[PDB]
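Novice: File name my_file_16.pdb; file contents PDB, C-alpha atoms and all ligand atoms; full text below.
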```pdb
ATOM      1  CA  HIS A   1      17.537  49.664  11.540
ATOM      2  CA  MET A   2      16.930  49.637  15.317
ATOM      3  CA  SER A   3      13.362  49.594  16.591
ATOM      4  CA  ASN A   4      12.347  52.891  18.133
ATOM      5  CA  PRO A   5      10.105  53.294  21.232
ATOM      6  CA  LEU A   6       9.030  56.819  20.235
ATOM      7  CA  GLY A   7       8.065  55.610  16.751
ATOM      8  CA  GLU A   8       6.051  52.755  18.258
ATOM      9  CA  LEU A   9       4.284  55.175  20.607
ATOM     10  CA  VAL A  10       3.426  57.432  17.647
ATOM     11  CA  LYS A  11       1.727  54.443  15.942
ATOM     12  CA  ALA A  12      -0.167  53.613  19.160
ATOM     13  CA  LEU A  13      -1.367  57.198  19.568
ATOM     14  CA  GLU A  14      -2.583  57.205  15.948
ATOM     15  CA  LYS A  15      -4.479  53.960  16.512
ATOM     16  CA  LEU A  16      -6.236  55.444  19.567
ATOM     17  CA  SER A  17      -6.800  58.937  18.042
ATOM     18  CA  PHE A  18     -10.234  60.520  17.678
ATOM     19  CA  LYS A  19     -11.743  62.126  14.619
ATOM     20  CA  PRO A  20     -13.088  65.619  15.338
ATOM     21  CA  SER A  21     -16.517  64.288  14.357
ATOM     22  CA  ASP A  22     -16.256  61.591  17.068
ATOM     23  CA  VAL A  23     -15.854  64.341  19.635
ATOM     24  CA  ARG A  24     -18.873  66.216  18.239
ATOM     25  CA  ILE A  25     -21.069  63.090  18.266
ATOM     26  CA  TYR A  26     -19.998  62.019  21.741
ATOM     27  CA  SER A  27     -20.386  65.555  23.181
ATOM     28  CA  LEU A  28     -23.825  66.026  21.593
ATOM     29  CA  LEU A  29     -25.066  62.745  23.079
ATOM     30  CA  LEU A  30     -23.627  63.459  26.542
ATOM     31  CA  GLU A  31     -25.358  66.850  26.534
ATOM     32  CA  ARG A  32     -28.715  65.969  24.944
ATOM     33  CA  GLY A  33     -29.307  62.315  25.795
ATOM     34  CA  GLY A  34     -29.799  59.311  23.532
ATOM     35  CA  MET A  35     -30.487  60.093  19.868
ATOM     36  CA  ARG A  36     -31.342  58.387  16.585
ATOM     37  CA  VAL A  37     -28.873  58.342  13.724
ATOM     38  CA  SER A  38     -31.244  60.668  11.832
ATOM     39  CA  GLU A  39     -31.318  63.184  14.705
ATOM     40  CA  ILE A  40     -27.522  63.202  15.084
ATOM     41  CA  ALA A  41     -27.133  63.635  11.313
ATOM     42  CA  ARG A  42     -29.457  66.667  11.251
ATOM     43  CA  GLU A  43     -28.047  68.215  14.421
ATOM     44  CA  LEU A  44     -24.425  68.034  13.278
ATOM     45  CA  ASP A  45     -24.996  68.451   9.533
ATOM     46  CA  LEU A  46     -23.365  65.114   8.753
ATOM     47  CA  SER A  47     -24.587  62.358   6.465
ATOM     48  CA  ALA A  48     -26.423  59.440   8.049
ATOM     49  CA  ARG A  49     -23.873  57.034   6.534
ATOM     50  CA  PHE A  50     -20.967  58.933   8.074
ATOM     51  CA  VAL A  51     -22.747  59.028  11.435
ATOM     52  CA  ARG A  52     -23.391  55.259  11.299
ATOM     53  CA  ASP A  53     -19.721  54.734  10.412
ATOM     54  CA  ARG A  54     -18.445  56.734  13.401
ATOM     55  CA  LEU A  55     -21.011  55.170  15.725
ATOM     56  CA  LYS A  56     -19.657  51.701  14.893
ATOM     57  CA  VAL A  57     -16.220  52.865  16.023
ATOM     58  CA  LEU A  58     -17.503  54.586  19.163
ATOM     59  CA  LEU A  59     -19.547  51.499  20.086
ATOM     60  CA  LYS A  60     -16.590  49.134  19.696
ATOM     61  CA  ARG A  61     -14.334  51.488  21.679
ATOM     62  CA  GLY A  62     -16.832  51.502  24.569
ATOM     63  CA  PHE A  63     -17.602  55.247  24.386
ATOM     64  CA  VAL A  64     -21.198  55.035  23.122
ATOM     65  CA  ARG A  65     -23.910  52.450  23.789
ATOM     66  CA  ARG A  66     -27.143  51.644  22.002
ATOM     67  CA  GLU A  67     -30.610  51.098  23.379
ATOM     68  CA  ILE A  68     -33.966  50.051  22.044
ATOM     69  CA  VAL A  69     -36.831  52.468  21.645
ATOM     70  CA  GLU A  70     -40.397  51.224  21.335
ATOM     71  CA  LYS A  71     -42.467  54.396  21.032
ATOM     72  CA  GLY A  72     -44.507  53.972  17.871
ATOM     73  CA  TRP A  73     -41.236  54.143  15.980
ATOM     74  CA  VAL A  74     -39.059  51.165  16.837
ATOM     75  CA  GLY A  75     -35.310  51.225  16.508
ATOM     76  CA  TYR A  76     -32.070  51.944  18.308
ATOM     77  CA  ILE A  77     -30.800  55.194  19.724
ATOM     78  CA  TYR A  78     -27.261  55.934  20.803
ATOM     79  CA  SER A  79     -26.139  57.258  24.176
ATOM     80  CA  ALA A  80     -22.838  58.533  25.530
ATOM     81  CA  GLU A  81     -21.122  56.379  28.115
ATOM     82  CA  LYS A  82     -20.316  58.587  31.109
ATOM     83  CA  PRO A  83     -16.918  60.292  31.323
ATOM     84  CA  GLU A  84     -15.652  57.897  34.017
ATOM     85  CA  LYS A  85     -16.408  54.939  31.704
ATOM     86  CA  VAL A  86     -14.837  56.593  28.653
ATOM     87  CA  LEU A  87     -11.666  57.335  30.616
ATOM     88  CA  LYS A  88     -11.522  53.805  32.102
ATOM     89  CA  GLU A  89     -11.781  52.269  28.615
ATOM     90  CA  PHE A  90      -9.224  54.664  27.085
ATOM     91  CA  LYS A  91      -6.814  53.965  29.945
ATOM     92  CA  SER A  92      -7.144  50.206  29.429
ATOM     93  CA  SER A  93      -6.599  50.608  25.672
ATOM     94  CA  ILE A  94      -3.437  52.726  25.939
ATOM     95  CA  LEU A  95      -1.960  50.537  28.675
ATOM     96  CA  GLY A  96      -2.614  47.541  26.431
ATOM     97  CA  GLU A  97      -0.763  49.210  23.579
ATOM     98  CA  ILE A  98       2.196  50.092  25.793
ATOM     99  CA  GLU A  99       2.308  46.520  27.144
ATOM    100  CA  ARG A 100       2.604  45.179  23.599
ATOM    101  CA  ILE A 101       5.310  47.693  22.702
ATOM    102  CA  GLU A 102       7.261  46.728  25.833
ATOM    103  CA  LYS A 103       7.751  43.224  24.360
ATOM    104  CA  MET A 104       9.902  44.748  21.612
ATOM    105  CA  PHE A 105      12.296  46.365  24.107
ATOM    106  CA  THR A 106      13.016  43.797  26.804
ATOM    107  CA  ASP A 107      16.543  43.486  28.069
ATOM    108  CA  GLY A 108      18.391  40.330  29.052
ATOM    109  CA  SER A 109      16.519  37.053  28.573
TER     110      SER A 109
ATOM    111  CA  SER B   3     -16.503  70.185  28.577
ATOM    112  CA  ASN B   4     -16.216  66.512  27.702
ATOM    113  CA  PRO B   5     -13.732  63.669  28.182
ATOM    114  CA  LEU B   6     -13.002  63.086  24.474
ATOM    115  CA  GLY B   7     -12.191  66.757  23.912
ATOM    116  CA  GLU B   8      -9.905  66.727  26.947
ATOM    117  CA  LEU B   9      -8.225  63.521  25.712
ATOM    118  CA  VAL B  10      -7.629  65.140  22.332
ATOM    119  CA  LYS B  11      -5.838  68.057  24.046
ATOM    120  CA  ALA B  12      -3.815  65.810  26.353
ATOM    121  CA  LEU B  13      -2.823  63.509  23.464
ATOM    122  CA  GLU B  14      -1.661  66.547  21.465
ATOM    123  CA  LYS B  15       0.616  67.533  24.360
ATOM    124  CA  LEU B  16       1.950  63.947  24.576
ATOM    125  CA  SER B  17       2.441  63.717  20.793
ATOM    126  CA  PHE B  18       5.830  63.428  19.072
ATOM    127  CA  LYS B  19       6.987  65.342  16.038
ATOM    128  CA  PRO B  20       8.453  63.034  13.348
ATOM    129  CA  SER B  21      11.770  64.760  14.020
ATOM    130  CA  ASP B  22      11.665  63.650  17.674
ATOM    131  CA  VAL B  23      11.603  60.034  16.494
ATOM    132  CA  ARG B  24      14.575  60.675  14.191
ATOM    133  CA  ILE B  25      16.558  62.509  16.889
ATOM    134  CA  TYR B  26      16.059  59.648  19.333
ATOM    135  CA  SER B  27      16.996  57.084  16.678
ATOM    136  CA  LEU B  28      20.185  58.926  15.818
ATOM    137  CA  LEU B  29      21.327  59.204  19.432
ATOM    138  CA  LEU B  30      20.477  55.571  20.152
ATOM    139  CA  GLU B  31      22.290  54.386  16.982
ATOM    140  CA  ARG B  32      25.362  56.591  17.218
ATOM    141  CA  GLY B  33      25.715  57.728  20.838
ATOM    142  CA  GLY B  34      25.937  61.089  22.564
ATOM    143  CA  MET B  35      26.090  64.105  20.272
ATOM    144  CA  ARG B  36      26.117  67.871  20.198
ATOM    145  CA  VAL B  37      23.075  69.753  18.864
ATOM    146  CA  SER B  38      24.959  70.964  15.777
ATOM    147  CA  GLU B  39      25.975  67.395  14.904
ATOM    148  CA  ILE B  40      22.405  66.093  15.208
ATOM    149  CA  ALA B  41      21.046  68.958  13.143
ATOM    150  CA  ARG B  42      23.646  68.417  10.390
ATOM    151  CA  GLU B  43      22.973  64.684  10.143
ATOM    152  CA  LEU B  44      19.186  65.051  10.109
ATOM    153  CA  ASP B  45      19.147  68.147   7.863
ATOM    154  CA  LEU B  46      17.244  70.137  10.468
ATOM    155  CA  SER B  47      17.551  73.590  11.954
ATOM    156  CA  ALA B  48      19.878  73.554  14.980
ATOM    157  CA  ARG B  49      17.460  75.778  16.929
ATOM    158  CA  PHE B  50      14.651  73.356  16.142
ATOM    159  CA  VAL B  51      16.710  70.319  17.238
ATOM    160  CA  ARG B  52      17.705  72.197  20.377
ATOM    161  CA  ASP B  53      14.081  72.968  21.240
ATOM    162  CA  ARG B  54      12.898  69.428  20.557
ATOM    163  CA  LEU B  55      15.731  68.055  22.719
ATOM    164  CA  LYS B  56      14.570  70.341  25.545
ATOM    165  CA  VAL B  57      11.056  68.851  25.220
ATOM    166  CA  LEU B  58      12.405  65.303  25.144
ATOM    167  CA  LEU B  59      14.647  66.051  28.154
ATOM    168  CA  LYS B  60      11.692  67.288  30.211
ATOM    169  CA  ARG B  61       9.783  64.133  29.205
ATOM    170  CA  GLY B  62      12.674  61.916  30.361
ATOM    171  CA  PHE B  63      13.510  60.473  26.928
ATOM    172  CA  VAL B  64      16.970  62.016  26.516
ATOM    173  CA  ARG B  65      19.632  63.139  28.984
ATOM    174  CA  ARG B  66      22.461  65.642  28.699
ATOM    175  CA  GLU B  67      25.861  66.423  30.197
ATOM    176  CA  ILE B  68      27.559  69.801  30.149
ATOM    177  CA  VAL B  69      30.983  69.908  28.516
ATOM    178  CA  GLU B  70      33.455  72.756  28.389
ATOM    179  CA  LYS B  71      36.450  72.228  26.137
ATOM    180  CA  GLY B  72      36.670  75.735  24.681
ATOM    181  CA  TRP B  73      33.050  76.789  24.436
ATOM    182  CA  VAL B  74      30.396  75.357  26.745
ATOM    183  CA  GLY B  75      27.747  73.059  25.303
ATOM    184  CA  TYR B  76      25.653  69.978  25.996
ATOM    185  CA  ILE B  77      26.118  66.429  24.802
ATOM    186  CA  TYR B  78      22.717  64.747  24.486
ATOM    187  CA  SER B  79      22.137  60.987  24.677
ATOM    188  CA  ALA B  80      19.116  58.705  24.398
ATOM    189  CA  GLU B  81      17.588  57.274  27.545
ATOM    190  CA  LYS B  82      17.148  53.521  27.224
ATOM    191  CA  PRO B  83      13.854  52.350  25.660
ATOM    192  CA  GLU B  84      12.513  50.813  28.880
ATOM    193  CA  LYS B  85      12.950  54.163  30.674
ATOM    194  CA  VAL B  86      11.214  55.903  27.755
ATOM    195  CA  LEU B  87       8.223  53.540  28.009
ATOM    196  CA  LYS B  88       8.114  53.794  31.819
ATOM    197  CA  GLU B  89       8.141  57.606  31.746
ATOM    198  CA  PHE B  90       5.563  57.809  28.948
ATOM    199  CA  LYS B  91       3.262  55.431  30.821
ATOM    200  CA  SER B  92       3.545  57.504  33.995
ATOM    201  CA  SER B  93       2.872  60.712  32.063
ATOM    202  CA  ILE B  94      -0.184  59.499  30.145
ATOM    203  CA  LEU B  95      -1.661  57.908  33.316
ATOM    204  CA  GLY B  96      -1.127  61.211  35.117
ATOM    205  CA  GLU B  97      -2.978  63.035  32.347
ATOM    206  CA  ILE B  98      -5.901  60.612  32.319
ATOM    207  CA  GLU B  99      -6.129  60.867  36.114
ATOM    208  CA  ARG B 100      -6.182  64.671  35.893
ATOM    209  CA  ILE B 101      -9.036  64.508  33.376
ATOM    210  CA  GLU B 102     -10.836  61.969  35.566
ATOM    211  CA  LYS B 103     -10.718  64.534  38.385
ATOM    212  CA  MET B 104     -12.218  67.264  36.158
ATOM    213  CA  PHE B 105     -15.395  65.170  36.050
ATOM    214  CA  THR B 106     -15.436  63.874  39.654
TER     215      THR B 106
HETATM  216 CL    CL C   1     -14.050  64.345  11.263
HETATM  217 CL    CL C   2     -32.500  56.764  12.510
HETATM  218 CL    CL C   3      24.083  72.975  23.629
END
```
Any chance you could put this one into structure tokens?
Specialist:
Amino acid sequence: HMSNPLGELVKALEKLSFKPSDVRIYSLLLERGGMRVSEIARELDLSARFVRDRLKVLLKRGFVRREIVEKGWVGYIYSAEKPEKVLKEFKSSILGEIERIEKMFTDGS
Amino acid sequence: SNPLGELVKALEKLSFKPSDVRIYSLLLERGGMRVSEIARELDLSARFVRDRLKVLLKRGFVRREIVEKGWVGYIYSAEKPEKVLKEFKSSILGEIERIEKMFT
């Protein structure tokens, strides 16, 4: 019945895991520059809905940003945050998770 | 080469097998044990338990003492949770820093 630091870390790693498709989207954008949902979908042979779904996650995690295009067509494209930014955000997220887990394992009072 | 791909690889290396969690739990709950005892209780291969304990030892999550009453063997025990978290934090920070340097 005892709480388990390894088990808690497993849950944290799952929460911060990446789908393979997230890696493909991020890597495509870093290489090619900002792209529309439709362009990403065609390039990677994924559905537009699935791409939108993963973009929401990557935006909230701070790994991708959006920016307006006004070039006849008007809409948003999506751009990779730079590696230094991605790694800064990931570091903050995992440290946050560890800090929460630490509260379960304090000694004394 | 991209930071998410490198994080995936690093996070795989820092991952735990479900058995690791069970091995740690057993040692924390019941105290220091021999490999054969852990394997019996968990219904795992003794070789497998042995190899996972070697991984956990290198990571700083278990310790061992040599004992020789008859045949030589190791008694493994759980490191305390705060040491586990401290070591894990150090390790994952080290990995992120290494990946940071790949790009700088
Ligand atoms: Cl996927
Ligand atoms: Cl679009
Ligand atoms: Cl042994």
Novice: Tell me, in Å to one decimal, how far CA of residue 8 (chain B) is from CA of residue 97 (chain B).
Specialist: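 Taking CA of residue 8 (chain B) and CA of residue 97 (chain B), their separation equals 9.5 Å.
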Novice: Residues within 7 Å of ligand CL 3 (chain C) should be enumerated using all atoms listed in the file and returned as a list in words.
Specialist: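 Counting all atoms listed in the file, the residues within 7 Å of ligand CL 3 (chain C) come out as residues 36, 37, 75, 76 and 77 of chain B.
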Novice: All residues within 12 Å of ligand CL 1 (chain C) are required, counting all atoms listed in the file; please report them as a PDB file with C-alpha atoms, in the frame of the given file.
Specialist:
```pdb
ATOM      1  CA  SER A  17      -6.800  58.937  18.042  1.00  0.00           C
ATOM      2  CA  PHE A  18     -10.234  60.520  17.678  1.00  0.00           C
ATOM      3  CA  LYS A  19     -11.743  62.126  14.619  1.00  0.00           C
ATOM      4  CA  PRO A  20     -13.088  65.619  15.338  1.00  0.00           C
ATOM      5  CA  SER A  21     -16.517  64.288  14.357  1.00  0.00           C
ATOM      6  CA  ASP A  22     -16.256  61.591  17.068  1.00  0.00           C
ATOM      7  CA  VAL A  23     -15.854  64.341  19.635  1.00  0.00           C
ATOM      8  CA  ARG A  24     -18.873  66.216  18.239  1.00  0.00           C
ATOM      9  CA  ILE A  25     -21.069  63.090  18.266  1.00  0.00           C
ATOM     10  CA  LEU A  44     -24.425  68.034  13.278  1.00  0.00           C
ATOM     11  CA  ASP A  45     -24.996  68.451   9.533  1.00  0.00           C
ATOM     12  CA  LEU A  46     -23.365  65.114   8.753  1.00  0.00           C
ATOM     13  CA  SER A  47     -24.587  62.358   6.465  1.00  0.00           C
ATOM     14  CA  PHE A  50     -20.967  58.933   8.074  1.00  0.00           C
ATOM     15  CA  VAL A  51     -22.747  59.028  11.435  1.00  0.00           C
ATOM     16  CA  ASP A  53     -19.721  54.734  10.412  1.00  0.00           C
ATOM     17  CA  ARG A  54     -18.445  56.734  13.401  1.00  0.00           C
TER      18      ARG A  54
END
```
Novice: Which protein, DNA or RNA residues have an atom within 10 Å of ligand CL 2 (chain C), counting only C-alpha atoms and all ligand atoms, as a VMD selection string?
Specialist: chain A and resid 35 to 41 48 52 73 to 78
Novice: For those residues, write C-alpha atoms to a file as a short mmCIF file (atom, residue, chain, number, x, y, z; two decimals), in the coordinates of the input.
Specialist:
```cif
data_model
loop_
_atom_site.label_atom_id
_atom_site.label_comp_id
_atom_site.auth_asym_id
_atom_site.auth_seq_id
_atom_site.Cartn_x
_atom_site.Cartn_y
_atom_site.Cartn_z
CA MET A 35 -30.49 60.09 19.87
CA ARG A 36 -31.34 58.39 16.58
CA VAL A 37 -28.87 58.34 13.72
CA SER A 38 -31.24 60.67 11.83
CA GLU A 39 -31.32 63.18 14.70
CA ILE A 40 -27.52 63.20 15.08
CA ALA A 41 -27.13 63.64 11.31
CA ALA A 48 -26.42 59.44 8.05
CA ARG A 52 -23.39 55.26 11.30
CA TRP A 73 -41.24 54.14 15.98
CA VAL A 74 -39.06 51.16 16.84
CA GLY A 75 -35.31 51.22 16.51
CA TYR A 76 -32.07 51.94 18.31
CA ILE A 77 -30.80 55.19 19.72
CA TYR A 78 -27.26 55.93 20.80
#
```
Novice: Once you count only C-alpha atoms, what closest atom pair and distance in Å to one decimal does each residue of chain A within 8 Å of chain B have, with rows by chain and rising residue number, as CSV?
Specialist:
```
residue,atom,partner,partner_atom,distance
A:2,CA,B:31,CA,7.4
A:4,CA,B:27,CA,6.4
A:5,CA,B:83,CA,5.9
A:6,CA,B:23,CA,5.6
A:7,CA,B:23,CA,5.7
A:10,CA,B:18,CA,6.6
A:13,CA,B:13,CA,7.6
A:17,CA,B:10,CA,7.6
A:18,CA,B:10,CA,7.1
A:23,CA,B:6,CA,5.8
A:26,CA,B:6,CA,7.6
A:27,CA,B:4,CA,6.2
A:83,CA,B:5,CA,5.6
A:84,CA,B:102,CA,6.5
A:86,CA,B:5,CA,7.2
A:87,CA,B:102,CA,6.8
A:91,CA,B:98,CA,7.1
A:95,CA,B:91,CA,7.5
A:98,CA,B:87,CA,7.3
A:102,CA,B:87,CA,7.2
A:105,CA,B:83,CA,6.4
A:106,CA,B:84,CA,7.3
```
Novice: What is the CA of residue 72 (chain B) to CA of residue 25 (chain B) distance in Å?
Specialist: 25.3 Å
Novice: At what distance in Å, to one decimal, does CA of residue 3 (chain A) lie from CA of residue 66 (chain B)?
Specialist: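 Interatomic distance, CA of residue 66 (chain B) to CA of residue 3 (chain A): 22.1 Å.
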Novice: Box along x, y and z, 4 Å on every side, all listed atoms of region 7-19 of chain B inside: centre and edge lengths in Å to one decimal, as JSON.
Specialist:
```
{"center_x": -2.6, "center_y": 65.7, "center_z": 21.5, "size_x": 27.2, "size_y": 12.6, "size_z": 18.9}
```
Novice: Identify the residues around (13.9, 71.7, 22.1) within a radius of 12 Å, measuring from only C-alpha atoms in the coordinates stated by the file, and give them as a PyMOL selection string.
Specialist: chain B and resi 18-19+21-22+25+37+41+47-61+64+78
Novice: Run the PyMOL selection byres (((chain A and resi 63) around 6) and not hetatm) mentally over the shown coordinates, then write out the matched residues as an NGL selection string, using the chain letters and numbers from the document.
Specialist: :A and (58 or 61-62 or 64 or 81 or 86)
Novice: Using all atoms listed in the file, which of the listed residues (A:9, A:69, A:94, A:28) sits closest to residue 42 (chain A)?
Specialist: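 Of A:9, A:69, A:94, A:28, the one nearest residue 42 (chain A), counting all atoms listed in the file, is A:28.
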Novice: Complete the atoms of region 28-61 of chain B to N, CA and C atoms and put them out as a PDB file, in the frame of the given file.
Specialist:
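Saved to selection-v7.pdb:
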```
ATOM      1  N   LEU B  28      18.808  58.567  16.089  1.00  0.00           N
ATOM      2  CA  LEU B  28      20.185  58.926  15.818  1.00  0.00           C
ATOM      3  C   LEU B  28      21.054  58.781  17.071  1.00  0.00           C
ATOM      4  N   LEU B  29      20.563  59.277  18.196  1.00  0.00           N
ATOM      5  CA  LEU B  29      21.327  59.204  19.432  1.00  0.00           C
ATOM      6  C   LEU B  29      21.456  57.749  19.884  1.00  0.00           C
ATOM      7  N   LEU B  30      20.396  56.968  19.738  1.00  0.00           N
ATOM      8  CA  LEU B  30      20.477  55.571  20.152  1.00  0.00           C
ATOM      9  C   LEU B  30      21.487  54.817  19.274  1.00  0.00           C
ATOM     10  N   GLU B  31      21.447  55.077  17.969  1.00  0.00           N
ATOM     11  CA  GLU B  31      22.290  54.386  16.982  1.00  0.00           C
ATOM     12  C   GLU B  31      23.754  54.771  17.125  1.00  0.00           C
ATOM     13  N   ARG B  32      24.011  56.052  17.367  1.00  0.00           N
ATOM     14  CA  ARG B  32      25.362  56.591  17.218  1.00  0.00           C
ATOM     15  C   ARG B  32      25.998  57.121  18.487  1.00  0.00           C
ATOM     16  N   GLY B  33      25.220  57.254  19.560  1.00  0.00           N
ATOM     17  CA  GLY B  33      25.715  57.728  20.838  1.00  0.00           C
ATOM     18  C   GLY B  33      25.513  59.221  21.069  1.00  0.00           C
ATOM     19  N   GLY B  34      26.131  59.723  22.128  1.00  0.00           N
ATOM     20  CA  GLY B  34      25.937  61.089  22.564  1.00  0.00           C
ATOM     21  C   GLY B  34      26.455  62.069  21.537  1.00  0.00           C
ATOM     22  N   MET B  35      25.699  63.135  21.287  1.00  0.00           N
ATOM     23  CA  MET B  35      26.090  64.105  20.272  1.00  0.00           C
ATOM     24  C   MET B  35      25.758  65.515  20.678  1.00  0.00           C
ATOM     25  N   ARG B  36      26.448  66.461  20.055  1.00  0.00           N
ATOM     26  CA  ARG B  36      26.117  67.871  20.198  1.00  0.00           C
ATOM     27  C   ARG B  36      24.944  68.246  19.296  1.00  0.00           C
ATOM     28  N   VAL B  37      24.233  69.312  19.654  1.00  0.00           N
ATOM     29  CA  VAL B  37      23.075  69.753  18.864  1.00  0.00           C
ATOM     30  C   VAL B  37      23.434  69.996  17.397  1.00  0.00           C
ATOM     31  N   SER B  38      24.560  70.650  17.146  1.00  0.00           N
ATOM     32  CA  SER B  38      24.959  70.964  15.777  1.00  0.00           C
ATOM     33  C   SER B  38      25.184  69.701  14.943  1.00  0.00           C
ATOM     34  N   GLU B  39      25.710  68.652  15.578  1.00  0.00           N
ATOM     35  CA  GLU B  39      25.975  67.395  14.904  1.00  0.00           C
ATOM     36  C   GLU B  39      24.665  66.700  14.531  1.00  0.00           C
ATOM     37  N   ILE B  40      23.705  66.717  15.451  1.00  0.00           N
ATOM     38  CA  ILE B  40      22.405  66.093  15.208  1.00  0.00           C
ATOM     39  C   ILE B  40      21.686  66.813  14.071  1.00  0.00           C
ATOM     40  N   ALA B  41      21.678  68.135  14.155  1.00  0.00           N
ATOM     41  CA  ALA B  41      21.046  68.958  13.143  1.00  0.00           C
ATOM     42  C   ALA B  41      21.638  68.730  11.752  1.00  0.00           C
ATOM     43  N   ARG B  42      22.967  68.654  11.663  1.00  0.00           N
ATOM     44  CA  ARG B  42      23.646  68.417  10.390  1.00  0.00           C
ATOM     45  C   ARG B  42      23.219  67.076   9.805  1.00  0.00           C
ATOM     46  N   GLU B  43      23.271  66.030  10.626  1.00  0.00           N
ATOM     47  CA  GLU B  43      22.973  64.684  10.143  1.00  0.00           C
ATOM     48  C   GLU B  43      21.535  64.548   9.670  1.00  0.00           C
ATOM     49  N   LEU B  44      20.608  65.190  10.381  1.00  0.00           N
ATOM     50  CA  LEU B  44      19.186  65.051  10.109  1.00  0.00           C
ATOM     51  C   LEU B  44      18.665  66.090   9.121  1.00  0.00           C
ATOM     52  N   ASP B  45      19.535  67.004   8.696  1.00  0.00           N
ATOM     53  CA  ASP B  45      19.147  68.147   7.863  1.00  0.00           C
ATOM     54  C   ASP B  45      17.963  68.912   8.459  1.00  0.00           C
ATOM     55  N   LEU B  46      18.169  69.320   9.706  1.00  0.00           N
ATOM     56  CA  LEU B  46      17.244  70.137  10.468  1.00  0.00           C
ATOM     57  C   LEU B  46      17.935  71.389  10.981  1.00  0.00           C
ATOM     58  N   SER B  47      17.127  72.406  11.245  1.00  0.00           N
ATOM     59  CA  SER B  47      17.551  73.590  11.954  1.00  0.00           C
ATOM     60  C   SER B  47      18.113  73.236  13.327  1.00  0.00           C
ATOM     61  N   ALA B  48      19.267  73.794  13.675  1.00  0.00           N
ATOM     62  CA  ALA B  48      19.878  73.554  14.980  1.00  0.00           C
ATOM     63  C   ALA B  48      19.003  74.083  16.117  1.00  0.00           C
ATOM     64  N   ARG B  49      18.388  75.246  15.924  1.00  0.00           N
ATOM     65  CA  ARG B  49      17.460  75.778  16.929  1.00  0.00           C
ATOM     66  C   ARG B  49      16.311  74.811  17.168  1.00  0.00           C
ATOM     67  N   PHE B  50      15.776  74.285  16.070  1.00  0.00           N
ATOM     68  CA  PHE B  50      14.651  73.356  16.142  1.00  0.00           C
ATOM     69  C   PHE B  50      15.057  72.079  16.896  1.00  0.00           C
ATOM     70  N   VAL B  51      16.205  71.506  16.556  1.00  0.00           N
ATOM     71  CA  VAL B  51      16.710  70.319  17.238  1.00  0.00           C
ATOM     72  C   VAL B  51      16.913  70.609  18.718  1.00  0.00           C
ATOM     73  N   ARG B  52      17.534  71.744  19.007  1.00  0.00           N
ATOM     74  CA  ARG B  52      17.705  72.197  20.377  1.00  0.00           C
ATOM     75  C   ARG B  52      16.372  72.204  21.124  1.00  0.00           C
ATOM     76  N   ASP B  53      15.350  72.818  20.544  1.00  0.00           N
ATOM     77  CA  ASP B  53      14.081  72.968  21.240  1.00  0.00           C
ATOM     78  C   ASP B  53      13.392  71.629  21.419  1.00  0.00           C
ATOM     79  N   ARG B  54      13.479  70.755  20.419  1.00  0.00           N
ATOM     80  CA  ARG B  54      12.898  69.428  20.557  1.00  0.00           C
ATOM     81  C   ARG B  54      13.644  68.614  21.614  1.00  0.00           C
ATOM     82  N   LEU B  55      14.967  68.727  21.672  1.00  0.00           N
ATOM     83  CA  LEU B  55      15.731  68.055  22.719  1.00  0.00           C
ATOM     84  C   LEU B  55      15.326  68.540  24.113  1.00  0.00           C
ATOM     85  N   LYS B  56      15.037  69.823  24.264  1.00  0.00           N
ATOM     86  CA  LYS B  56      14.570  70.341  25.545  1.00  0.00           C
ATOM     87  C   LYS B  56      13.226  69.714  25.930  1.00  0.00           C
ATOM     88  N   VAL B  57      12.340  69.512  24.959  1.00  0.00           N
ATOM     89  CA  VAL B  57      11.056  68.851  25.220  1.00  0.00           C
ATOM     90  C   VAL B  57      11.301  67.408  25.634  1.00  0.00           C
ATOM     91  N   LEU B  58      12.133  66.713  24.871  1.00  0.00           N
ATOM     92  CA  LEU B  58      12.405  65.303  25.144  1.00  0.00           C
ATOM     93  C   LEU B  58      13.110  65.106  26.484  1.00  0.00           C
ATOM     94  N   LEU B  59      13.926  66.076  26.879  1.00  0.00           N
ATOM     95  CA  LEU B  59      14.647  66.051  28.154  1.00  0.00           C
ATOM     96  C   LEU B  59      13.650  66.147  29.305  1.00  0.00           C
ATOM     97  N   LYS B  60      12.721  67.083  29.189  1.00  0.00           N
ATOM     98  CA  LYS B  60      11.692  67.288  30.211  1.00  0.00           C
ATOM     99  C   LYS B  60      10.788  66.053  30.343  1.00  0.00           C
ATOM    100  N   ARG B  61      10.592  65.349  29.233  1.00  0.00           N
ATOM    101  CA  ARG B  61       9.783  64.133  29.205  1.00  0.00           C
ATOM    102  C   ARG B  61      10.541  62.902  29.708  1.00  0.00           C
TER     103      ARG B  61
END
```
